[PDB]
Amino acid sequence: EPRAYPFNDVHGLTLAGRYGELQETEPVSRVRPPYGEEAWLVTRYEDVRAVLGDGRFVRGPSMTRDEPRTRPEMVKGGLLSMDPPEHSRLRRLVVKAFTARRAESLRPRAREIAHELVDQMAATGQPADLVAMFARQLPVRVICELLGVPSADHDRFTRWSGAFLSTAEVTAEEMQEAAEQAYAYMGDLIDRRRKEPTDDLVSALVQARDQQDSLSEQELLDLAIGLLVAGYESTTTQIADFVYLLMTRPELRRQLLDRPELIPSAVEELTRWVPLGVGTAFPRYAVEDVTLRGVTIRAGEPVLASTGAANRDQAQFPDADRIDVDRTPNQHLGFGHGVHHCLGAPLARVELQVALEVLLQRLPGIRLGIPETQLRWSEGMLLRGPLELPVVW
């Protein structure tokens, strides 16, 4: 009886037709994922939003449960495996340091970084791989700048960070060595910023307070590496997917060339439209029986709340499959919802807006250097995105 899940094909960004069918006829349904427990799948915008904001659906069981998932290993921990009130304390300290103003202040340095990466890419001649040379470089260098990793160390830090991408081809030994290097480096950096604070995020984390509460040494190190892995692969993959869309959809490209002031709205529209996850990814667990659209979800059972499907619900977004760069309103769930809503979103927005702005300004002719049908797509099974994007201009 449960349906085989995921439904999305990883070899492209199409939203599986099953989601729309289920939104009509079985909005709360049973799925059997490749690994982990069978689970409830929730597909309507209203219900996804409700699940992600409902106090009765928690993340703590992630720490021990056989979580519904697409890969054989379990990745657990960090802010996203915590529930209030433990979650609330850590999140309050982080956001006090990691402000929207701090994110906005990184725009000039993100633009300089993007310009340098295009310089480097263009110096390799055509076609050049936009994934290797740009998308996989900008977000980790911006996280370096955000944390306060000195310039001289961005290359080595970027190298270690590459080992944590779901697309990496590294042995267990190599990945272990990269993790050890990164945590040792970050622990040192924290220790130096406590002794001699600067204006960067690591210093602001060390000094964040709520009355007498503060982050411990171990919370600081875990949170800083947490920010890196949460803010790297997502952003990289979304850059790659957004430019893939601009290169393949002439009118979309034309509208942003002709009105670059549309880029921030376009970033929101493409965040809504792109079903970036292969599945849903972070199951919620009922703390008690809950009735959702007439179906009883029993205490303990996992629930997969599809933001990809929710963001394409025709009930919430008029003509939901059209990319309308000027769409208003646009209350999309592509940076989540409820207490776990993306705390890097302000920075992610600056990166994505800068990535489009600079690529379109420097390479307005940018296009696929190979037929679209020949693209190699990631089989990492977490996010959907091209493994390489050969581009010409």
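Rigid core here is just the name for the largest C-alpha set that superposes within 1.5 Å across the two forms. Heads up: residue numbers just count along the shown sequence, starting at 1.
In summary, of the stretches 307 to 315 and 210 to 218, 210 to 218 shows the greater Cα distance from the shown form in 5 other deposited structures of this protein, with structures fitted on the rigid core. Averaged as a root mean square over residues and superposed structures in 5 other deposited structures of this protein, CA distances to the shown form are larger in 68 to 76; the pair compared was 68 to 76 and 261 to 269 with a core fit. Taking only CA atoms, the mean B-factor in the PDB entry is higher for 275 to 283 than for the other of 275 to 283 and 304 to 312. The stretch 368 to 376 shows the higher mean C-alpha B-factor when 9 to 17 is compared against 368 to 376 in the entry. Per the PDB entry, 293 shows the highest C-alpha temperature factor of the residues 107, 293, 322, 136. The entry assigns its greatest Cα B factor, within the set 82, 262, 168, 246, to 168.
Residue 62: CA B factor in the middle third of modelled residues in this chain (values from the PDB entry). For residue 33, the recorded CA B-factor ranks within the middle third of the chain. Only modelled residues enter the ranking. Sort the chain's modelled residues by C-alpha temperature factor and residue 27 lands in the middle third, per the entry.
Residue 330 sits in the middle third of its chain by CA B factor, as recorded in the PDB entry. In the PDB entry, residue 148 places in the middle third of its chain by CA B-factor.
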